[PDB]
Each structure stands twice: as C-alpha cells, then as structure tokens.
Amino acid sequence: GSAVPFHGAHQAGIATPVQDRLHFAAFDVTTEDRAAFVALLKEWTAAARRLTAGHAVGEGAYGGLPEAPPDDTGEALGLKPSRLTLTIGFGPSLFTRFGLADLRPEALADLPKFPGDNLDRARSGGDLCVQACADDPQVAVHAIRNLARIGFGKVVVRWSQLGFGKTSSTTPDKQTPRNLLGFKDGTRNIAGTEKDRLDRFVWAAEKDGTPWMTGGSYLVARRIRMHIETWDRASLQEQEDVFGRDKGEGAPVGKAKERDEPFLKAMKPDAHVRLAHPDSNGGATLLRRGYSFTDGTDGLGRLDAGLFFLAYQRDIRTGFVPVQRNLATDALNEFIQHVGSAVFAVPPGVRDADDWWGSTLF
C-alpha cells in the first residue's frame, strides 16, 4: 500500500519491485505548439506527484465549485498509493515535431521485421507512452484516465494495454510469478539491488552519445499472443524442452532448484533459455518487466491469452535486437505470435519538485 518515491536520478517503474497490475497507454500528439506541449509535460508532472502519493489531482475530487467539473475524477478516493509508479517515454515519431529531429537518440532504434511478426499497426507505435504500474488496478486506471483528461486537445490515446498480473521480477528474494503457459518467468533478470548491472545494461550514460538521455533507458514493448490451445495439448516433456527448465520448480534441466545456474549444453539447441541467455548473445542482458493479459475470447470458442512483454535496456541495438534475432529458431515460436510493437526513449528521472518530465530534452 506504500508510496514509491517519484523523484530521483532515474524514473521509478523500472528497477522498482514489480507491482501486480499494469495499465500502459500510448499517446499521439495533436498539437504543433512546442510551448503548449511543454506546458502539458509540466502539468502532467505535477499530477504525477499527487497521484503517486495517493492524493487527488489539482484541487481535488469534490468540494469545488458545483458548476465546474471536478479536477480529479474521484475513483481513487480513499485508496492508498498502492506502489503506483508512472513512467513516461517518447517514441521515435515524437522527434518529427517541435524541431526535435536532431535530438533523436541513436539508441532509439527502429526494430527490424522479425520472422513470424504479424503486427497490428493500430496497436503499435505511439508518440509517447505512460506505464502505470500499481498493486490496485483502480489506482492504475485512475492515473491514466486523469492524465488523458489533462492532455485533452494536445494528446490522444492511440492504444492501451491492461495487464492483469505480472510475469516478471526485479526482486529475486520473492517468489517468481508464472506466465499463462504455467512457467515461472523472471528468475534470471536484473534485480533492483544490482546497481552495477543496472549501470551496465539498463541506464543510458553520458558517453553513449545522447546527453539529454543520461540516466534514462530504452523500452521495447511487444504484444505477444499465446496459442494456448496448441500449448495445452503438448506433453509435459515437450513444454519443458521448449524452455530448458522444469515446470514445477523452474530449475534448469538436470538441476534441483530454480536459482541454480543453467548448464546450457544440457538444454535442447532451440530451447528458449539457451537462445535468450546472455552467454548466447555476446553478453546482451535485458531487464524484463512484462505482464499477462486476456482480452476476452477470440471468437473461435477460446480464451484469448497473451503476454505484454516489456524490456528496458541501455541501447535497443545491444539489448532486445540481438536477443530477439537469436530467437528466430526458438522452439517457443510454435506457440506465440508477436502482434504489436513499440519502442520508446524513457528520459531520466525528475530530480526534485521544480523539475519536470522531459526537461532535459526540452
């Protein structure tokens, strides 16, 4: 129920312990006025400071002038902060506006087409994103709703994704959650305590070539549909062979415990863990921070199910791209399809009460 501090050198919501719920929204910008957009970023920052401390935005949810709409929509009244974090990112398309073209980071790379991609263009891309994570879904929806309202006339929601449960871990001392295939997901991640590993693999450094991004990170989002009918008829051995870990304990094949180190040569050559492991990818390491989703039925008699995969990294070209390229032969590909994609530059943290989202860029 506690608050996660909002200010810092880095934005919260990355290294932070992974909260139970996600509401992710991508926005397109509809104003060509730079000053108007800067004013929005400041108003959003002010709102975020309220929201993440469990307070209502603006002058509150009630007790104002009867003839005015309340400043806050009110559905989070009486609720705790619930570890709400709000993380903003800027998409490549933003940099075509406001004279920003030459400030687009090299590390904000467009992704290549990957074999098997079936990307919905309507649920891909976006000028900007807001990741809202919290332990209470109502708290997360309230935050996104109120930001969108404040931004009316300057930004529109392009697409959104709710995540009902986490499929990631930045806290190895706590139980690793399972994805909808029934496997633990998050054992070998980067922990929030691993400052050296965060600095090496997650945070952008001044020397990487884009000074305004120092202390930021780069985000890849992939909406992945799971073929659960196909998976559910697979044998136990087939499932375990796909991953290279057993299902019950989630230990590497041959070993007894979840957190025993993988011995890659005992896994099938097309096992997911074997192909995704840093040692298979020249050391490339990601911070995975995704969530599960179900968006109803598929119209063919079955539940829809998927994973909204989020990865943070210091450079898209040295993080997600090499690892995904190496997944071209993954046994897991029989059971999944990527159907949405976006990339974002996640700026540095809001340093104090006078700072604002995007201040280093603008």
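Under this definition, the rigid core comprises the largest set of C-alpha atoms superposing within 1.5 Å between the forms. Note that residue numbering follows the sequence shown and begins at 1.
For 292 to 300 versus 313 to 321, the mean Cα distance to the shown form in 5 other deposited structures of this protein after rigid core alignment is larger for 292 to 300. The segment moving more, judged by mean Cα distance from this form in 5 other deposited structures of this protein after a core overlay, is 164 to 172 among 202 to 210 and 164 to 172.
Set 111 to 119 against 232 to 240 and average the Cα temperature factors; 111 to 119 ends up higher. Relative to one another, 152 to 160 and 184 to 192 have unequal mean CA B-factors, and 152 to 160 is the one with the higher figure. The residue among 288, 225, 145, 265 whose C-alpha atom has the highest B-factor in the PDB entry is 265. Within the selection 177, 216, 248, 105, the deposited Cα B-factor values reach their highest point at 105. Per-chain ranking of the deposited C-alpha B factor places residue 21 in the lowest third. Per the deposited record, the Cα B-factor of residue 318 falls in the highest third when ranked against the other modelled residues of its chain. In this PDB entry, residue 31 carries a Cα temperature factor that places it within the highest third of its chain's modelled residues. Sorting the modelled residues of the chain by their CA temperature factor places residue 168 in the lowest third. Split the chain's modelled residues into thirds by C-alpha temperature factor. Residue 83 is in the lowest one.
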